[PDB]
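Colleague: Got a structure for you, written out below as structure tokens; questions coming shortly.
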Amino acid sequence: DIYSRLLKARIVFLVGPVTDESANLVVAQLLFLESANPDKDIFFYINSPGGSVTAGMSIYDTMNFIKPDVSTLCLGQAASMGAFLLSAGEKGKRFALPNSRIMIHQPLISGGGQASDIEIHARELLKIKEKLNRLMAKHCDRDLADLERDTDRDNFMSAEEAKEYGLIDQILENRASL
Amino acid sequence: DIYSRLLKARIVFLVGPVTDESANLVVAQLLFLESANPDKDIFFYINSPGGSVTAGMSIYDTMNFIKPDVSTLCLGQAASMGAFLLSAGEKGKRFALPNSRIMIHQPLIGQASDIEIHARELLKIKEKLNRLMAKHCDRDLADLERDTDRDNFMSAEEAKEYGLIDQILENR
Amino acid sequence: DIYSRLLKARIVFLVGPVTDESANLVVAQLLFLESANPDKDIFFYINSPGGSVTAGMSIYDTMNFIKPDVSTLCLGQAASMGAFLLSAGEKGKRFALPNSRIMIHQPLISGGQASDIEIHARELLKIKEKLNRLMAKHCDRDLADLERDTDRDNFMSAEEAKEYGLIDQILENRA
Amino acid sequence: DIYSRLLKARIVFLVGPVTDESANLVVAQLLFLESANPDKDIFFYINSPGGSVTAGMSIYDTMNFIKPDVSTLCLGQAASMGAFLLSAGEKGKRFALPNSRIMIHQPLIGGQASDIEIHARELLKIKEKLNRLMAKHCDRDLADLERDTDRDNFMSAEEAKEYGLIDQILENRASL
Amino acid sequence: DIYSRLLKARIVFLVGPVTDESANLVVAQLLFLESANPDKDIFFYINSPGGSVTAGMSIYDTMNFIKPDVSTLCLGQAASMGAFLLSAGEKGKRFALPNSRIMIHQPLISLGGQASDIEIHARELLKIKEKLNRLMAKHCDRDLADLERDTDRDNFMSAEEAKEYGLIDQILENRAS
Amino acid sequence: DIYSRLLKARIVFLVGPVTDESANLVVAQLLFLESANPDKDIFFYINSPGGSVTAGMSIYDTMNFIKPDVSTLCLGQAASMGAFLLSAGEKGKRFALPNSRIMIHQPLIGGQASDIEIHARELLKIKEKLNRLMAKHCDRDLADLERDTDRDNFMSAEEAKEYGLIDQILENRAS
Amino acid sequence: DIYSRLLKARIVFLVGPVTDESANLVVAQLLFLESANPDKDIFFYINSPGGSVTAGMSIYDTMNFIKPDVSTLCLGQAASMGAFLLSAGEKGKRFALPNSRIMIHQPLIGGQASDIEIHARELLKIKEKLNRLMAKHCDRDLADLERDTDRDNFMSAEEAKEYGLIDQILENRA
Amino acid sequence: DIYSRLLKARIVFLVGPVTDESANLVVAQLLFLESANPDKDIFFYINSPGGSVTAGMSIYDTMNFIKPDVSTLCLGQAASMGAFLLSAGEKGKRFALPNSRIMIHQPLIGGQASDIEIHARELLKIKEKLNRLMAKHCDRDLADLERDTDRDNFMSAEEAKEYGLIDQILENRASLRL
Amino acid sequence: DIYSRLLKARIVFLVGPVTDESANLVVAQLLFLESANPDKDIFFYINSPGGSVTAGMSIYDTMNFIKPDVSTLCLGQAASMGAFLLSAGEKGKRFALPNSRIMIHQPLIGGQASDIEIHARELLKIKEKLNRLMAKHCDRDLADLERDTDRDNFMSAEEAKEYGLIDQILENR
Amino acid sequence: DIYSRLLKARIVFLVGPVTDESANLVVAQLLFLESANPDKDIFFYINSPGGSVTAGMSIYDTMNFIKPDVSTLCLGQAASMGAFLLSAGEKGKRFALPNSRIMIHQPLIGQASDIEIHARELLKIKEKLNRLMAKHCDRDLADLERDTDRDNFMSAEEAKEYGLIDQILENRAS
Amino acid sequence: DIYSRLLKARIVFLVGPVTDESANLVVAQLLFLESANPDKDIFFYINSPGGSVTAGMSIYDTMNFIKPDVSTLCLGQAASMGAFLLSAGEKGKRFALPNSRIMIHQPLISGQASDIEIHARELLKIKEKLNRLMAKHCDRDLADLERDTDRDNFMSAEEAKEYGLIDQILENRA
């Protein structure tokens, strides 16, 4: 099948929503490629609207844990945890295609309990919000305060804007673009 | 109809869940009875599992606002906002029938910013209800915080000993 | 309407499941009839499979609170809280029609954290104990008899309910 | 309304399924008519497929309890508890219209085996009780009713008369 | 019925969501009471989470159009268009009960069509947002910029906070003004 | 009831979607008020998002048919057929409250191509007819209405006045 | 209520789909008004998209059966059985308001082939019968109605007048 | 299977709605064929009503990024993003079959006004970007594309050719001109 | 699998509704068979009630585009786009089995009037275009096809032959 | 397939809710790896919100039953039975990635007699899990009772200090 | 796949509800393993809440019918027919893991009176039959099983051992 053939070239895809099962499949491929050759770059192609924060963190920590550089490429879009993961590729090896789009924003829950429980989960959500802003600020070499303002609502960026923001390093128009 | 007739004896019922529409109907009857005679007691009979906090507050503030004493009587049960309203009747005129049951507990139910705002509001409500309940029961705020952390069921006697009602009525 | 006319004769009906709304309507009629005449019997006719325990208690406590004797009559059936209320009429004035049926049983839930489940399980067992004690009182029987006889659904004919102490007499006609 | 007006003439209807609400409404009318005049017949018109056994018993016991004779008339059909109630009218005053139909049959309906045992035994008690009462209504042997209610047993007006379930078939008021 | 009786005392209720139906019923009562006596105050009691903006405006404009002063009273809550209408009562006659709650916020849609259509409706929504902030600023005697800042997200106020904000005039515990 | 009472004052309401049922109820009130007094104005209060075109036309033609002037007042909103009817009140007696909103637009909604052709042809006839009638109501060029109804066109009270859709904005009874 | 009040003026409404219950309510009012005064016109106001053919026929036959002239008025629309009933008012007393719309068309709708044959024939009989009656109402040739009802045929008030379906368009009380 | 065999002839299909999954499968095949032979044309056959704009952009940017010319062929229809991708094939190698149909139009689709403003502006950015890119593909004025995409614009194969959207109509294996 | 085996004999099936997926699978097989041997006939067997017009056109244009003659055979039925495709086989090589049935008819299917106008015009163009192409396939007058497709027009195999839609009825070989 | 490949490196995954089916698949892999080589560590990677208590116990008892050390690694999250299983890896070989999250809490969700029986059983489970967790964390039973009364979220460092894991791994260091 | 491989070690799993199809799959594996080697033990691992009584009996009778000893192991839980099957393994070779749970209880289900009588009788026959067979499995009195299955009876591994339902609790190999 085509995706197994591209895995031979060290290409891993994240396509569609980030779930436990789609994130772990990425984690598995990353571990596989490291085992096959710990000294060669991995190319992580991302076309995703985001999804589960903890599922994305499992990918994130695996990216940082393995020895190979994980280069990231945004095709189509990288939004929310998708953009987080894109910004997390090896600095200098984070790319987007020219008509890609990036979007960043604060955490978002959809859809209970006693006030005590709501307090506990609201505090956890705000911890997540602060943690993601600090990590994103480091990825972008920007101030924490910049990320806090810029993620208050949905923030759409062109490839060029994401580059200028520090989220990616280079826009690739073709192979000559390097 | 039977409820209109009992209204002429100054009996008002809260039965079932407290909603905007059931609470306002109570408010309307309270205002009506005050207008009919501002110097005679009102008998507020409560058999309710609770419901909307803001709807209950509309009843609560109306009870305290009008001139007549509002005497409360728990029949069947008064739980959550139901128990709050029972505890809010004119002190000395808060009653339960012998096999009534009372239950008190803490409040129960977008972007992180919005969740923070609503979580804060919910905790304000929790603290406000504990402070008002402590006043109703002549108890320490810390007692109510302790005793509403989870569902706290009380017999009529336990509610009396707690300060939530004044006396248990077997018969007249 | 027919039920308002029978209310003139001091007849109150409980028909179908006991809910907050159906129980409070009974409570309202009981209070109304007491106000109309506190010295005349009320006839509480019961054809019910039961329902909410707290709703039934509101009827129960009102029955005991008002000054008129509340006579009870089982027609069709009085099951669960229905049978509880039947057994609660003024002793000597609790009746059933000859082909009525009675059924008694322990509490039954149709529908959180372990801590919360513990709290509600303890409340349910309190209710179970309380209903058995009150029923034993109504039937002039031992608490232990009611515990054993309500462990599962216990169906009684009119004649068995009389012998149990749940009702006083079976009425076949107006004699 | 038309039904209140016919109640003036001491006509009570049971139409459609017997439920707690429909049965109690009949009970209420029976008690009302007895109070209005305890010495005049009541005419109980039945077009019903049956329904709840306990709800039907509440009607049945009320019919036997009040002072007035309750005359029964089957129009359209009287099936199951409907036929039971028809057969229960004052003997000599149980009628059907010529194209009425009657049907009788045995009772027709989860948890632990213990509970299923309890409810199965109650259902069989009901079955035997209804057969005993029906046999008395029809002046027939218990064993005849057991035999004849094992499955759905449809009867014409003539067959119900010959069975003992009704007394007469009325084509117009001149029959009696 | 009880509400008709209270209408004779010139009490009008808004309870629950503001819809075309519920708003017009209020409008009808306001017009009725003005006709019955154009020189006596009307008491508009509000326990509402809000609802349709255009339906609320029909109430609002009627309140300002009729001759009687419309006094407002918040019981339970007045949120969104509910709070707008509360703030719109005759200045000096806007009240809340002590445990009432007020909430204000910017408009909220729960959009389909062509980009051109989405542009048209997004503009209209932003017009509504500015219009409500300017009217609210006038009701509260506050700067437009204060209302813009304070309605960006859900802003819950106690009765005392609503009084200090300028949204109501007094808190009534019992009749002692 | 309150609406019957306001009908004595010759006030008729259109609230919510225009349907056959809601439109005919308006028609009935208009005919009733004309019969009661053919020489006194009728006050038609409109808070509506629109609805059925044929149902609105039944109101429209009745407004023009009866002897009384029908004055219109927009409260809350008058959109689509709602705005059409508002614009159709007796010229000089068409009003809006200050925060009312008006919206106008072109018509908005299966089988064989032949049938789709027939119904598409009818819809375009309706579109022209409404633009021609609206242009007459607003004393504007047909071409202005064609251009201005191509997509949803929201107007404040003052914009609707300038457009010719209403005559005056009423803040209170001064004005 | 308002409709009872207008019934005193001999105004009867058909609004919305023609069903057994809405048609019989019209029939009842027609019989009532005839009993109240058999010598005064009845004004039958029609705003309807059509509906059940047999329900419409019950109205139709009642219109022709009672002594009073039944004048018809189309407001909003009269489509299908609605237009049939409009065309059926007393000739000379069939009206439409200026922006009314009329639409006419042929009839529009499981088992064994034998049963499908039976019901298909009945439907074609109905189609034939309605075209014949409509042609009489409009003083037109049967063949014109067959041609003109093959698909949905929308008419303005003026087109319905030239077609023969109504007699006069009323703008006002002048 | 048949599609794998046609892939060895360098034929890639886009059939039905453009989704993240269907677009990425195309991207994968394009990358595969480039790897197999970077100097041979790819034949991208399109029968699609359109779909996700970001998913289509991932295909678009990949088409422009790889070394091989991507020739496009419209069979059945190419509507919306389908027509965008058709118009994006290597100029001179964009084809349609004689009874193909093309349709172009502007983009087509909850929360606080602030959020609705953000997403409305992003949608209008997309609308302008697609009109600019389409104008470039068709060698036409931006103002022509704005005018011609305001509502659904259906084109026959010859109309699409005259518009500049395709280069030639192929009736058979003859048909090709310079 | 059986269909792959029959593909070796150059047999392609269209069965059931014509969709983008089912039409493109046919297109793919046609291209495959042309590549395997551009000089041998293809046998296109059709049992279909029709479906998407644009999906059918993709098959149609591919049939005309490839070198091999595409012979068509109607088994069971060829209705709407199914009958269109049957009529489109290489003239002289369009067949039906004796109890096959053919049906032809005109095209059969929300928003602003402007949009409804646009789509109604497109639908009538399609109707026009299909009648013209069908008239050519059948060597008949455009006006005949307009009249004969106004409503559902069912044909036996011999009626379809007489109409010009197929060339011969095959009882056996 | 990729997971079979990683199994050859002795990596077993628990991803998503713990069910009978997902737990037994883990049990099967554990038994398989023990059979393949009883003397080599197994690496149990956990990204799970929890699930069935009895299903988790089947994994737990299998972890303790087989001869190989089962090393655990939390990636993404280990909540409820997920955190229980993480805390149950061979002491000294329990790891989390730096942005992992852990959450622990008490257990979560007929006739009165039956409700009593099941409430009993649930409280037994609650005490048993607190006892076992206290052992895993080398903490007092009373600490676990206090700390699981409501949802208790921990960072990787908090879980380490709590005793739930041994080391946080940033990378292929140590 | 992993389960086929474990089958080669003579391990058979029952996981989740006992249905006709899950029970027959077990029966098939038992017959297969007997054919492969009739003289070697089979290891039947059970993590099940129970299910169909007749489906469980098909497993039960197959266990007793084949020549190999069927050793049973409870992991996670063995409830109702699950516990029945666990108790049915070769005496001396019935095991549970330390945190396994067992539950036993009487039968539980979720027409005309005649038919209800017939099925109620059959259900009570099943109830007595299961109590007799269970009493034999546990070497206990019939009257003990009747008393102890009246309502849901949860047992720890040690309680199940003391009851006679299993022979040994296995931590690791012990």
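Residue numbering restarts at 1 for every chain of the structure tokens, chains are lettered A, B, ... in their displayed order, and ligands are numbered from 1 as they appear.
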List every residue of range 5-172 of chain J that DSSP, applied to the backbone, labels as alpha helix (DSSP H), and write the result as a PDB file with C-alpha atoms, in the first residue's frame.
Modeller:
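That gives us result35.pdb:
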ATOM      1  CA  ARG J   5       6.952  -4.685  13.992  1.00  0.00           C
ATOM      2  CA  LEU J   6       7.238  -2.827  17.339  1.00  0.00           C
ATOM      3  CA  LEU J   7       6.138  -5.985  19.163  1.00  0.00           C
ATOM      4  CA  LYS J   8       9.320  -7.591  17.788  1.00  0.00           C
ATOM      5  CA  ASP J  20     -12.214  -6.465  27.945  1.00  0.00           C
ATOM      6  CA  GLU J  21     -11.137  -6.686  24.307  1.00  0.00           C
ATOM      7  CA  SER J  22      -8.296  -4.109  24.501  1.00  0.00           C
ATOM      8  CA  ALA J  23      -7.073  -5.423  27.871  1.00  0.00           C
ATOM      9  CA  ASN J  24      -7.015  -9.044  26.708  1.00  0.00           C
ATOM     10  CA  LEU J  25      -5.067  -8.065  23.594  1.00  0.00           C
ATOM     11  CA  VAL J  26      -2.439  -6.589  25.922  1.00  0.00           C
ATOM     12  CA  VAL J  27      -2.514  -9.735  28.083  1.00  0.00           C
ATOM     13  CA  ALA J  28      -2.003 -11.838  24.937  1.00  0.00           C
ATOM     14  CA  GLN J  29       1.007  -9.780  23.844  1.00  0.00           C
ATOM     15  CA  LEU J  30       2.525  -9.969  27.336  1.00  0.00           C
ATOM     16  CA  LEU J  31       2.183 -13.766  27.338  1.00  0.00           C
ATOM     17  CA  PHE J  32       3.580 -13.921  23.811  1.00  0.00           C
ATOM     18  CA  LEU J  33       6.659 -11.846  24.677  1.00  0.00           C
ATOM     19  CA  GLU J  34       7.321 -13.872  27.832  1.00  0.00           C
ATOM     20  CA  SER J  35       7.207 -17.050  25.749  1.00  0.00           C
ATOM     21  CA  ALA J  36       9.526 -15.534  23.130  1.00  0.00           C
ATOM     22  CA  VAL J  53     -11.594  -2.019  36.437  1.00  0.00           C
ATOM     23  CA  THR J  54     -11.784  -5.792  35.967  1.00  0.00           C
ATOM     24  CA  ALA J  55     -10.273  -5.501  32.494  1.00  0.00           C
ATOM     25  CA  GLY J  56      -7.404  -3.468  33.941  1.00  0.00           C
ATOM     26  CA  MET J  57      -6.871  -6.025  36.703  1.00  0.00           C
ATOM     27  CA  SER J  58      -6.415  -8.743  34.073  1.00  0.00           C
ATOM     28  CA  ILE J  59      -3.519  -6.688  32.663  1.00  0.00           C
ATOM     29  CA  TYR J  60      -2.212  -5.893  36.154  1.00  0.00           C
ATOM     30  CA  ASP J  61      -2.122  -9.495  37.362  1.00  0.00           C
ATOM     31  CA  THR J  62      -0.532 -10.596  34.074  1.00  0.00           C
ATOM     32  CA  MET J  63       2.170  -7.932  34.447  1.00  0.00           C
ATOM     33  CA  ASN J  64       2.997  -9.297  37.913  1.00  0.00           C
ATOM     34  CA  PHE J  65       2.622 -12.937  36.875  1.00  0.00           C
ATOM     35  CA  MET J  81      -6.910   2.531  35.386  1.00  0.00           C
ATOM     36  CA  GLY J  82      -4.350   3.916  32.945  1.00  0.00           C
ATOM     37  CA  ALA J  83      -2.493   5.550  35.833  1.00  0.00           C
ATOM     38  CA  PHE J  84      -2.982   2.439  37.957  1.00  0.00           C
ATOM     39  CA  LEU J  85      -1.239   0.319  35.319  1.00  0.00           C
ATOM     40  CA  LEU J  86       1.539   2.890  34.862  1.00  0.00           C
ATOM     41  CA  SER J  87       2.187   2.903  38.609  1.00  0.00           C
ATOM     42  CA  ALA J 112     -32.590  -2.093  47.613  1.00  0.00           C
ATOM     43  CA  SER J 113     -31.031  -5.491  48.505  1.00  0.00           C
ATOM     44  CA  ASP J 114     -29.272  -5.588  45.122  1.00  0.00           C
ATOM     45  CA  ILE J 115     -28.179  -1.956  45.357  1.00  0.00           C
ATOM     46  CA  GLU J 116     -26.718  -2.706  48.774  1.00  0.00           C
ATOM     47  CA  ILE J 117     -24.780  -5.672  47.353  1.00  0.00           C
ATOM     48  CA  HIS J 118     -23.346  -3.667  44.461  1.00  0.00           C
ATOM     49  CA  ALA J 119     -22.618  -0.598  46.588  1.00  0.00           C
ATOM     50  CA  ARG J 120     -20.680  -2.944  48.933  1.00  0.00           C
ATOM     51  CA  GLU J 121     -18.705  -4.369  46.098  1.00  0.00           C
ATOM     52  CA  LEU J 122     -17.879  -0.906  44.723  1.00  0.00           C
ATOM     53  CA  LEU J 123     -16.532   0.234  48.092  1.00  0.00           C
ATOM     54  CA  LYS J 124     -14.439  -2.934  48.328  1.00  0.00           C
ATOM     55  CA  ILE J 125     -12.986  -2.062  44.916  1.00  0.00           C
ATOM     56  CA  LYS J 126     -12.302   1.493  46.102  1.00  0.00           C
ATOM     57  CA  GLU J 127     -10.393   0.306  49.168  1.00  0.00           C
ATOM     58  CA  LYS J 128      -8.525  -2.395  47.236  1.00  0.00           C
ATOM     59  CA  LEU J 129      -7.355   0.097  44.583  1.00  0.00           C
ATOM     60  CA  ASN J 130      -6.259   2.586  47.260  1.00  0.00           C
ATOM     61  CA  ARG J 131      -4.327  -0.170  49.060  1.00  0.00           C
ATOM     62  CA  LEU J 132      -2.587  -1.330  45.891  1.00  0.00           C
ATOM     63  CA  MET J 133      -1.884   2.216  44.731  1.00  0.00           C
ATOM     64  CA  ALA J 134      -0.383   3.083  48.131  1.00  0.00           C
ATOM     65  CA  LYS J 135       1.937   0.070  47.727  1.00  0.00           C
ATOM     66  CA  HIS J 136       2.879   1.141  44.190  1.00  0.00           C
ATOM     67  CA  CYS J 137       3.658   4.685  45.358  1.00  0.00           C
ATOM     68  CA  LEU J 141      -3.185   4.308  52.481  1.00  0.00           C
ATOM     69  CA  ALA J 142      -4.561   7.494  54.059  1.00  0.00           C
ATOM     70  CA  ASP J 143      -2.686   9.635  51.532  1.00  0.00           C
ATOM     71  CA  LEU J 144      -4.289   7.776  48.618  1.00  0.00           C
ATOM     72  CA  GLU J 145      -7.760   7.977  50.185  1.00  0.00           C
ATOM     73  CA  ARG J 146      -7.284  11.760  50.585  1.00  0.00           C
ATOM     74  CA  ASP J 147      -5.784  12.265  47.134  1.00  0.00           C
ATOM     75  CA  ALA J 156       5.103  14.189  35.163  1.00  0.00           C
ATOM     76  CA  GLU J 157       7.159  15.768  37.967  1.00  0.00           C
ATOM     77  CA  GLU J 158       4.248  15.635  40.393  1.00  0.00           C
ATOM     78  CA  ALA J 159       3.713  11.960  39.563  1.00  0.00           C
ATOM     79  CA  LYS J 160       7.415  11.337  40.158  1.00  0.00           C
ATOM     80  CA  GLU J 161       7.391  13.105  43.513  1.00  0.00           C
ATOM     81  CA  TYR J 162       4.162  11.261  44.406  1.00  0.00           C
TER      82      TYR J 162
END
Colleague: Report as a list in words all protein, DNA and RNA residues lying within 9 Å of residue 151 in chain C, evaluated on only C-alpha atoms, omitting residues in the same chain fewer than 3 positions from it.
Modeller: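 The neighbour list is residues 105, 106, 146, 147, 148 and 154 of chain C; 111 and 113 of chain J.
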Colleague: Filtering to N, CA and C atoms, could you give me those residues as a PDB file, in the first residue's frame?
Modeller:
ATOM      1  N   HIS C 105     -43.621  -4.745  48.443  1.00  0.00           N
ATOM      2  CA  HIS C 105     -42.258  -5.151  48.113  1.00  0.00           C
ATOM      3  C   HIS C 105     -41.306  -4.079  48.623  1.00  0.00           C
ATOM      4  N   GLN C 106     -40.019  -4.397  48.594  1.00  0.00           N
ATOM      5  CA  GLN C 106     -39.010  -3.454  49.061  1.00  0.00           C
ATOM      6  C   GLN C 106     -38.770  -2.374  48.001  1.00  0.00           C
ATOM      7  N   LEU C 146     -42.509  -8.009  58.095  1.00  0.00           N
ATOM      8  CA  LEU C 146     -42.546  -7.162  56.910  1.00  0.00           C
ATOM      9  C   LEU C 146     -41.250  -7.281  56.117  1.00  0.00           C
ATOM     10  N   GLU C 147     -40.105  -7.317  56.816  1.00  0.00           N
ATOM     11  CA  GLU C 147     -38.830  -7.558  56.146  1.00  0.00           C
ATOM     12  C   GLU C 147     -38.878  -8.838  55.322  1.00  0.00           C
ATOM     13  N   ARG C 148     -39.372  -9.902  55.906  1.00  0.00           N
ATOM     14  CA  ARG C 148     -39.327 -11.121  55.149  1.00  0.00           C
ATOM     15  C   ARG C 148     -40.378 -11.123  54.028  1.00  0.00           C
ATOM     16  N   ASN C 154     -44.865  -9.368  46.624  1.00  0.00           N
ATOM     17  CA  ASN C 154     -45.783 -10.179  47.419  1.00  0.00           C
ATOM     18  C   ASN C 154     -47.211  -9.752  47.081  1.00  0.00           C
TER      19      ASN C 154
ATOM     20  N   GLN J 111     -33.587  -3.772  43.175  1.00  0.00           N
ATOM     21  CA  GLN J 111     -34.098  -3.717  44.538  1.00  0.00           C
ATOM     22  C   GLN J 111     -33.029  -3.175  45.476  1.00  0.00           C
ATOM     23  N   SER J 113     -31.962  -4.399  48.189  1.00  0.00           N
ATOM     24  CA  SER J 113     -31.031  -5.491  48.505  1.00  0.00           C
ATOM     25  C   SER J 113     -29.909  -5.589  47.474  1.00  0.00           C
TER      26      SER J 113
END
Colleague: By how many Å are CA of residue 19 in chain I and CA of residue 98 in chain H apart?
Modeller: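 Distance reported for this atom pair: 19.5 Å.
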Colleague: I'd like the contact shell of residue 108 in chain I - 8 Å cut-off, only C-alpha atoms, skipping same-chain residues fewer than 2 positions apart - returned as an NGL selection string.
Modeller: (:F and (110-113)) or (:I and (106))
Colleague: Within 9 Å of residue 130 in chain F, counting only C-alpha atoms, which residues show up once you throw out same-chain ones fewer than 6 positions away? Write them as an MDAnalysis selection string, please.
Modeller: chainID F and resid 84 106:107
Colleague: Counting only C-alpha atoms, give me one row per residue of chain C with an atom at most 8 Å from an atom of chain D, showing the shortest contact pair and its distance in Å to one decimal, sorted by chain then residue number, as CSV.
Modeller:
residue,atom,partner,partner_atom,distance
C:2,CA,D:28,CA,7.0
C:3,CA,D:28,CA,7.4
C:6,CA,D:32,CA,7.4
C:15,CA,D:20,CA,6.7
C:16,CA,D:20,CA,6.4
C:47,CA,D:20,CA,7.4
C:75,CA,D:58,CA,4.9
C:76,CA,D:58,CA,4.2
C:77,CA,D:54,CA,6.1
C:97,CA,D:61,CA,6.1
C:98,CA,D:61,CA,6.6
C:99,CA,D:57,CA,6.2
C:100,CA,D:57,CA,6.9
C:101,CA,D:54,CA,7.5
C:152,CA,D:115,CA,6.9
C:153,CA,D:118,CA,7.1
C:154,CA,D:118,CA,7.9
C:155,CA,D:122,CA,7.2
C:171,CA,D:65,CA,7.7
C:172,CA,D:65,CA,5.7
C:173,CA,D:65,CA,3.8
C:174,CA,D:65,CA,6.5
Colleague: Fewer than 4 positions away in the same chain doesn't count, so skip those; otherwise give me all residues within 8 Å of residue 16 in chain D, counting only C-alpha atoms, as a list in words.
Modeller: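 The neighbour list is residues 47, 48, 49 and 50 of chain D.
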Colleague: Write the residues of the selection above to a file with C-alpha atoms, as a PDB file, in the first residue's frame.
Modeller:
ATOM      1  CA  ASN D  47     -67.573  -1.700  22.696  1.00  0.00           C
ATOM      2  CA  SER D  48     -64.137  -2.758  23.868  1.00  0.00           C
ATOM      3  CA  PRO D  49     -61.253  -5.096  22.950  1.00  0.00           C
ATOM      4  CA  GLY D  50     -60.298  -5.494  26.608  1.00  0.00           C
TER       5      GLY D  50
END
Colleague: For CA of residue 142 in chain I and CA of residue 117 in chain I, quote the distance in Å rounded to one decimal.
Modeller: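 For CA of residue 142 in chain I relative to CA of residue 117 in chain I, the distance reads 24.8 Å.
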Colleague: Tell me which protein, DNA and RNA residues are within 9 Å of range 146-150 of chain A, counting only C-alpha atoms, leaving out same-chain ones fewer than 6 positions away, and put them as a ChimeraX atom specification.
Modeller: /A:104-106,129-130,133-134,136-137
Colleague: Got time to write the residues from that selection, N, CA and C atoms, as a short mmCIF file (atom, residue, chain, number, x, y, z; two decimals), in the first residue's frame?
Modeller:
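Result file follows (result-v3.cif):
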data_model
loop_
_atom_site.label_atom_id
_atom_site.label_comp_id
_atom_site.auth_asym_id
_atom_site.auth_seq_id
_atom_site.Cartn_x
_atom_site.Cartn_y
_atom_site.Cartn_z
N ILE A 104 -3.84 29.11 15.11
CA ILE A 104 -3.58 28.84 16.51
C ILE A 104 -4.67 29.49 17.36
N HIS A 105 -4.93 28.92 18.53
CA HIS A 105 -5.97 29.44 19.41
C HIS A 105 -5.82 28.77 20.77
N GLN A 106 -6.55 29.29 21.75
CA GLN A 106 -6.50 28.73 23.09
C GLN A 106 -7.32 27.44 23.16
N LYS A 129 -3.79 25.54 29.01
CA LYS A 129 -3.68 26.78 28.24
C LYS A 129 -2.33 27.47 28.47
N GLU A 130 -1.91 27.58 29.73
CA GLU A 130 -0.64 28.24 30.02
C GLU A 130 0.52 27.43 29.49
N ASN A 133 0.83 27.76 25.72
CA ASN A 133 1.37 29.07 25.36
C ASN A 133 2.87 29.16 25.64
N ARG A 134 3.34 28.60 26.75
CA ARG A 134 4.76 28.65 27.02
C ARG A 134 5.54 27.81 26.01
N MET A 136 4.61 26.94 22.97
CA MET A 136 4.51 27.60 21.68
C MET A 136 5.45 28.79 21.59
N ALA A 137 5.52 29.59 22.66
CA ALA A 137 6.44 30.73 22.70
C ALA A 137 7.88 30.27 22.49
#
Colleague: Within 12 Å of chain H, which residues of chain A are there when counting only C-alpha atoms? Please give them as a VMD selection string.
Modeller: chain A and resid 1 to 9 11 to 17 45 to 49 73 to 79 96 to 103 105 152 to 159 171 to 178
Colleague: Fewer than 5 positions away in the same chain doesn't count, so skip those; otherwise give me all residues within 8 Å of residue 34 in chain I, counting only C-alpha atoms, as a ChimeraX atom specification.
Modeller: /I:39,66-68
